[PDB]
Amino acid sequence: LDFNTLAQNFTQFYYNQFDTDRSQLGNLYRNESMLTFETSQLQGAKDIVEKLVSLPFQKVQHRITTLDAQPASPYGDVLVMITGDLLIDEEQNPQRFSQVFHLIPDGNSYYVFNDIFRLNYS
């Protein structure tokens, strides 16, 4: 029902896990899942997690500045758009990022069907 609160909860969980240990984000993806990480296009939990784990940073922190959500159809799926700051390692100046997730209700929870991520430069 409350797709706004749903989005808040899911995104918070997702980024918390990403910032803690991204190698464990696998259960949030499925075989059909697709990730467009800037110029990299991956499909399936294995390849998607592999790409995220390959990012060479030791520490990362996501700071959400905007979050929006709308039902993606009348059948329970949700579209979530996020914009925010990404702090990499000990860098003081954050990078701007934008991300969209298409969440599918997995029985009593959700998994990511679409994941599109981009760093935005001035």
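Start at 1 and count along the sequence shown; that's the residue number.
Student: Look up the CA B-factors in the entry and say which stretch, 101-109 or 14-22, has the higher mean.
Tutor: In the deposited entry, the stretch with the higher C-alpha B-factor mean is 101-109.
Student: On average, which has the higher Cα B-factor in the deposited entry, 75-83 or 51-59?
Tutor: Averaged over C-alpha atoms, the B-factors run higher in 51-59.
Student: Reading the B-factor column of the entry, which of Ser33, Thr36, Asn93, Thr65 has the highest value at its C-alpha atom?
Tutor: Reading the PDB entry, the winner on C-alpha B-factor is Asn93.
Student: Lowest, middle or highest third: which one holds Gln70 when the chain's residues are ordered by CA B-factor from the entry?
Tutor: For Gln70, the deposited C-alpha B-factor lands in the lowest third.
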